[PDB]
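Structure record follows, encoded as structure tokens.
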Amino acid sequence: XXXXXXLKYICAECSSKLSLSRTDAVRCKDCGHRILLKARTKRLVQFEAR
Amino acid sequence: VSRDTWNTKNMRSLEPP
Amino acid sequence: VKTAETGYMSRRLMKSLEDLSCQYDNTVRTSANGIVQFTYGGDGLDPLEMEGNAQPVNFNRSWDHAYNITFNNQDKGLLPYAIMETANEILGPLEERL
Amino acid sequence: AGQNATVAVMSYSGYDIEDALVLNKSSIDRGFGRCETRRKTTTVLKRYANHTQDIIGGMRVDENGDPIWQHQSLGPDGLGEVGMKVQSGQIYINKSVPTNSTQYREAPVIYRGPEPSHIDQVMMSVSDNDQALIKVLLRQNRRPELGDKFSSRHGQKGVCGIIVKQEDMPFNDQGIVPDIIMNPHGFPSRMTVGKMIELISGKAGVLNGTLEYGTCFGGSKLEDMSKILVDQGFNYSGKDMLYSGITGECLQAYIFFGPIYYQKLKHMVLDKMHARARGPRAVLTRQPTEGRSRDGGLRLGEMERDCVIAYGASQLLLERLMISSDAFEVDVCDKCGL
Amino acid sequence: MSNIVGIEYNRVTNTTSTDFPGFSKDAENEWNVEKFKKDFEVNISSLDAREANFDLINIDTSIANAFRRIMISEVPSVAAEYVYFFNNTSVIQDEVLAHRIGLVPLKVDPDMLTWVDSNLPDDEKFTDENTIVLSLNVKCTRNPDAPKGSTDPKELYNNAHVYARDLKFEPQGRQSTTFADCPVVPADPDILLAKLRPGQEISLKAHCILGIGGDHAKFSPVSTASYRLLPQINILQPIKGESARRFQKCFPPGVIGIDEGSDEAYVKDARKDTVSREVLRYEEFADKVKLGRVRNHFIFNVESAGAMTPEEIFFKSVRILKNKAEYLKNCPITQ
Amino acid sequence: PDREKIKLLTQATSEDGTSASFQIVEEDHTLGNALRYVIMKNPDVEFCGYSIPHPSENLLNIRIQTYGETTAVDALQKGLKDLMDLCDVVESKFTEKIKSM
Amino acid sequence: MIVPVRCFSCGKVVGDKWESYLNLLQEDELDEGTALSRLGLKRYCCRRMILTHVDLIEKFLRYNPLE
Amino acid sequence: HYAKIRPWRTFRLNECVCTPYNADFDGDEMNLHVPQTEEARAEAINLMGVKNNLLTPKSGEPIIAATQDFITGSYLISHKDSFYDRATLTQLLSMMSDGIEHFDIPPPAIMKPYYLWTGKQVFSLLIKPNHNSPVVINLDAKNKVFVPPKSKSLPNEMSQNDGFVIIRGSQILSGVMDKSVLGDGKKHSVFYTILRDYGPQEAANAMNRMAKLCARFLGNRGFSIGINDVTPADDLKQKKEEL
Amino acid sequence: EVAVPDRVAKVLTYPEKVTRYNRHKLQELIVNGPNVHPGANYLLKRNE
Amino acid sequence: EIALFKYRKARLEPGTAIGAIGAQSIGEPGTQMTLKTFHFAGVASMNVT
Ligand SMILES: [Mg+2]
Ligand SMILES: [Zn+2]
Ligand SMILES: [Zn+2]
Ligand SMILES: [Zn+2]
């Protein structure tokens, strides 16, 4: 027995999940905040514990 | 304490890989 | 200030003396083959090879080294005139060569 | 900005001469001197007179449906995924520019780094003039290595000259080992007695449980710190008797031994190492570029030229100056010198 | 001199063994067991689950330091090596958190795991005999409660702190039976790994393998293993009166005492002595005392991180030294 | 049959042995110092010392010069046997004190 | 940021001592020295790891972007 | 220089050659050039080579020689209070070489009650390890701190300290190994005399032995500076005050 | 001598011409290639 | 023999860039002397450059 291993946006103001459409706007839908952050990717990231 | 743990157990890590 | 003015005199003198080199007839000449010194330092001696006080040989160290390297208790010391005889057998051919 | 390194002021291993430091491996392993770099890259999806704008379309794949290597950490939007490692050659902003600013010439933002980075922030926004603004923050965890620069608040800087294993380090009666070994020859000429007083004050401070003071024209008095050291069982002067790590014998000198505040300076050899064989040359001079970022070559100046002439190395002069900088096979007329 | 390290006011003397033939005209001190066997002695002072203190008596510095070095750097232990992050929305960076998890010492006894072969493929390197898999799934949420406004975070939120004990042992393959009676837990379960606010989560798995303290500090089994020579204080002439009390103050509390009746200061317990050589700075006791350390009497203190007992660590170090000598002996010498 | 562990350095070797340098890879001060001590405890050995020529390499160079009674290889083999015996004595005494406690 | 798991010098586990040291200082208030000695931090390197640590993570968490 | 490929990211140089470069390992950077032709390569290594340039051309004085910790380690070895038994002596000689050099062990300076070698014998073996070594050095030198003998008629080696170095047949018969006899600027240097009599290769061999020996010896001997080293004694307080 | 990082040794090359004396060595360096340090980065053929 | 051999060795070799060497030999020690006039305290001489 062996082993293997082991477009969401966040408004910088209200911390809400957003989905940016194709060429709509770059603003939050809840507040008017104009700064959006990519949420952490879903895929696996492997780090050497050193 | 006062136990000879090394005699009881057959070691494996200690041998060189 | 020193780091600003580092390599100023070096560069200036480099432009002055850059082309001077020793020739195969023991002369120092310009690139225009003009004689600056008929012999370097009036001596012909390289300052990189001076072991004395700007003199080519350190006589005291050389004598001690020779004594130690050729030492043998089973050896005969020359009489004071015989030391000069050996010295004048070596030197004197080279003295009359010149 | 710094860490309290356990410091032993002693000559050691011969890699600590002329200000070089001896760093303890396994102090580094436990996080001593660890730091991260964070760098920002800004792009603007600008707008154009012909009612056109740039795009971030991308993340193309190969036959299997698997993303190509250059797009390995990209994500559907064409902006490098947050959390993913980006290696040298990989794309983290997929900027396409119109060919007639319909068709889009690729202008991807490539990561060109000797060491891999990680994407920790991707900020999508607009600037005051209405047009999209992209910022991607790349973080790079750094582990101290040979040539990394440290300083001790007293002007005694110096690079890491060797990283030795903990067992090779000298140890005291309690098994404490230095995190850093500061060579004792840096003291007599620089005359930083404040560094010694700081070592003793910090040692008495940790033993007593109190942060001490080194305030100018004042601070914690040396005799009071000595009293604390003696009351705790240590020598008043801060010199513990140590055992050699490599032999185990008592060192014949008592070693000045205690905590010193150390700063890791921004100057890290990872950002300084540069090597050019052949690369870009200037369009005008046909000579190697002048920038470490532009893979530039190292200038051989007039003073180095003077040194090489003084050596009388004519062929080396030719090789360094003409052949390996700019050698041009010209055609020269023998009638007109043109 | 003669087996005693001299502790002077400005130097340390007589630190080398001088127990070999060719030290003196009497080519004595040739090696032989049945002389070393009868002179060598072990006196154990204390034993815990995490600390031991014993005296290797009548042994050379090279051998004692060989054991110490082996314990620190060459005795294998188990620590997390690779951390796979499914989700990490805390302020602590992924690699910082991974390094911390690596520094968490696991209570898995080595010799339950085999060394990982790194020549194998990545898909074929980790097995149920090579690896311990620890997961960590924490999501921080606001406490559905209402205590005093702006109180300590332990009750404003849920899972506001991530401890090492939150690392869960995940048996793989046949470890479900091998480790059924000794489940893998942190040696120190209150180790604070990360602090997170509501909406932040840390999801990961960590592969833990055998390693060597020389390869990385996290693998070292001892939070410190070291020794020290046995202090020796020789009161050359009687000290009496208040001068005896000052002499007593020059040393830690229990080291020397004042005899009742004689009022002379005598060495009560030199083991408790730290050699600060405070007495060697007063010029009153300059010729009334000699400080020293017995050069072949080593007071070992071995405090274990927690994966194995300190006496086991020391025995493993002696066995490692013997094994490397024997491996060299068996190896043929190549031109 | 490990053919890479311990090598004999021929440039450092004399005629008829009695003086030889051995190169031992994957070794450091730990084995070097104990081995040197045990080897010096041999009457025929006139010279023993090791050196790790560079920290970058896991390599140890141990030099043995003897008088004519034995060769450096024999002194090395005896040193390894004696180190094994010493560690065996240490093991027995320590396990006995553990059992007694 | 957050307290190191291990003393940089000895390697002793000090990461399980930060909350208990804070509690010893705040509740049943003691001196820093006595609080450090009550936790078994005898070596001065281990004492340094706790005495000089600046708990910046608690400040960094005031800027939580996922509130 | 001859390139030596190594794992880390720095150019590394032996500290003896820091003086010609005026380099001090505090973030100093240096430039490496690879000549690309056979002619340039030969010119570089034969005219600009380190062994061919142990002396400065401005005065002929050595410029590549022992630097600080090397000087101090040499001083601490040759200090008149240094004695070594056979085991310590041979370990020192193995450190000095790589363990790949044969040493002819001389008779000990002290034969009773114990067999002990002085540190000057250690350095004599550094200059000339075995009888196959051609380096036979004879040298007289005044150490940088030379107090004269008690009598104006005594020879200089009778200095009240080890202020005078006598070397006869590669044997150091008096005097500590100071900067004046292992460093720069003096033509009575040990390495200068080795150079002038036997060539750059042997001079560099001796310098390499000294560098390796000091680099291993000082760490295991111990040499530290402390507050007590710069604390004035209590009498000097009163003396300086009234003075 | 000077210690040179293997990282810069893998970019700083020397243009060694193949003779009857070093052909086997240069073939081995070519096989190692641009990434294994005792390797080679470029080959200039005789008649190209 | 030693003295004569050393005297022969001392002779300046033809081809030497002795002018450039002299330039650096006169301009190197100059790179350690102050541009402004500093004098030992108590000399009280004429303010000579
Ligand atoms: Mg510098
Ligand atoms: Zn919003
Ligand atoms: Zn024409
Ligand atoms: Zn500690």
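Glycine also receives a Cβ, built like all others from the backbone with ideal geometry; neighbour counts cover every protein chain displayed. Here, each number is a calculation from the coordinates, and none is a lab measurement.
Key figures
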item: Residues satisfying the stated conditions in the stretch H:115-171, i.e. assigned to a helix (DSSP H, G or I), of a type in the set (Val, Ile, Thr) and either in contact with a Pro (Cβ under 8 Å, 6 or more places away or on another chain) or more than 16 Å from residue C:61 (Cβ to Cβ) (or both); result: H:122
item: Residue match in the stretch D:327-335 (condition: within 16 Å of ligand 3 (Cβ to nearest atom) and within 26 Å of residue H:38 (Cα to Cα)); result: yes
item: Hey, residue E:256 under 14 Å from residue E:279 (Cα atoms) and surrounded by fewer than 20 Cβ atoms within 10 Å (Cβ to Cβ) or not; result: no
item: Within the stretch F:45-71, tally of residues that are surrounded by 16 or more Cβ atoms within 10 Å (Cβ to Cβ) and among the acidic types (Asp, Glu); result: 1
item: Residue within the stretch D:25-47 that is away from ligand 1 (no atom under 16 Å from the Cβ), touching a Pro at 6+ places or on another chain (Cβ under 8 Å) and within 14 Å of chain H (Cβ to nearest Cβ) present; result: yes
item: Pick from the stretch H:18-55, criterion of a type in the set (S, T, N, Q) and within 7 Å of another protein chain (Cβ to nearest Cβ), ranking: nearest to ligand 1 (Cβ to nearest atom); result: H:31
item: Residue ranges of strands (runs of 3 or more DSSP E) in the stretch A:7-48 with at least 2 members under 22 Å from residue E:84 (Cα atoms); result: A:45-48
item: Condition check for residue G:14: more than 7 Å from every other protein chain (Cβ to nearest Cβ), in contact with a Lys or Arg (Cβ under 7 Å, 6 or more places away or on another chain) and within 16 Å of ligand 4 (Cβ to nearest atom); result: yes
item: Which numbered condition residue I:13 fails, given (1) among the polar types (S, T, N, Q); (2) over 30 Å from residue H:16 (Cα atoms); (3) within 9 Å of chain H (Cβ to nearest Cβ); result: (2)
item: Residue that is farthest from the other protein chains (Cβ to nearest Cβ) [pool: residues in the stretch E:89-140 that are of a type in the set (S, T, N, Q) and surrounded by 23 or more Cβ atoms within 10 Å (Cβ to Cβ)]; result: E:90
item: Every residue from the stretch F:73-90 that is closer than 14 Å to residue E:36 by Cα and surrounded by fewer than 17 Cβ atoms within 10 Å (Cβ to Cβ); result: F:88
item: Where a residue in the stretch D:312-338 is within 16 Å of ligand 1 (Cβ to nearest atom) and its partner, wherever it lies, is hydroxyl-bearing (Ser, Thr, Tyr) and part of a loop (DSSP other than H, G, I, E, B), with Cβ under 6 Å and at least six apart; result: none
item: Residue pairs meeting the criteria (Cβ under 7 Å; at least 6 apart or on separate chains; first under 16 Å from residue D:149 (Cα atoms), in the stretch H:27-38; second exposed (fewer than 14 other Cβ atoms within 10 Å of the Cβ)); result: H:30/H:21
item: Out of D:184, D:188, sole residue that is in a loop (DSSP other than H, G, I, E, B) and out of contact with any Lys or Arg (no Cβ under 7 Å at 6 or more places or on another chain); result: D:184
item: Unmet criterion (only one of (1) more than 14 Å from chain D (Cβ to nearest Cβ); (2) β-branched (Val, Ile, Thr); (3) surrounded by fewer than 21 Cβ atoms within 10 Å (Cβ to Cβ); (4) part of a loop (DSSP other than H, G, I, E, B)) for residue H:231; result: (1)
item: Leading residue by the ranking (surrounded by the most Cβ atoms within 10 Å (Cβ to Cβ)) among those in the stretch D:289-309 that are part of a helix (DSSP H, G or I) and in contact with a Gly (Cβ under 9 Å, 6 or more places away or on another chain); result: D:306
item: Subset tally (residues that are surrounded by 13 or more Cβ atoms within 10 Å (Cβ to Cβ) and either of a type outside the set (A, V, I, L, M) or in contact with a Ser or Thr (Cβ under 9 Å, 6 or more places away or on another chain) (or both)) for the stretch A:15-28; result: 5
item: Members of the stretch H:1-11 that are more than 15 Å from ligand 1 (Cβ to nearest atom) and farther than 26 Å from residue D:327 by Cβ; result: H:2, H:4, H:5, H:6, H:7, H:8, H:9
item: Residue match in the stretch C:42-65 (condition: over 25 Å from residue H:166 (Cβ atoms), among the hydroxyl-bearing types (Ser, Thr, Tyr) and either outside any loop (DSSP other than H, G, I, E, B) or more than 23 Å from the chain's Cα centre (by Cα) (or both)); result: no
item: Every residue from the stretch E:178-201 that is in a strand (DSSP E or B) and either closer than 18 Å to residue E:223 by Cα or among the aromatic types (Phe, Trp, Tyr) (or both); result: E:186, E:192
item: When residues of the stretch F:16-43 are limited to those that are under 16 Å from residue E:326 (Cα atoms) and of a type in the set (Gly, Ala, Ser), the one nearest to the other protein chains (Cβ to nearest Cβ); result: F:34
item: Looking only at the stretch A:10-33, and only at residues there that are more than 14 Å from chain E (Cβ to nearest Cβ) and more than 9 Å from ligand 2 (Cβ to nearest atom), the one that is nearest to residue D:127 (Cα to Cα); result: A:26
item: Single condition residue J:22 does not satisfy, out of (1) within 22 Å of the chain's Cα centre (by Cα); (2) buried (at least 19 other Cβ atoms within 10 Å of the Cβ); (3) over 18 Å from residue C:9 (Cβ atoms); result: (3)
item: Some residue of the stretch G:40-59 being more than 10 Å from chain D (Cβ to nearest Cβ), within 16 Å of ligand 2 (Cβ to nearest atom) and not in a helix (DSSP H, G or I); result: no
item: Search result, residues across the stretch A:34-50 that are more than 18 Å from residue A:14 (Cβ to Cβ), surrounded by 15 or more Cβ atoms within 10 Å (Cβ to Cβ) and more than 7 Å from chain E (Cβ to nearest Cβ); result: A:41
item: Looking only at the stretch D:133-153, and only at residues there that are under 21 Å from the mean Cα position of the chain (by Cα) and more than 28 Å from residue A:48 (Cβ to Cβ), the one that is nearest to the other protein chains (Cβ to nearest Cβ); result: D:151
item: Candidates D:6, D:52, D:37, filtered to the one that is β-branched (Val, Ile, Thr) and surrounded by 18 or more Cβ atoms within 10 Å (Cβ to Cβ); result: D:6
item: In the stretch A:34-50, residue nearest to ligand 3 (Cβ to nearest atom) [restricted to those that are under 30 Å from residue D:129 (Cβ atoms) and of a type outside the set (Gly, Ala, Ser)]; result: A:38
item: Selection within the stretch E:281-335 - aliphatic (A, V, I, L, M), over 23 Å from the mean Cα position of the chain (by Cα), part of a loop (DSSP other than H, G, I, E, B) and more than 7 Å from chain F (Cβ to nearest Cβ); result: E:286
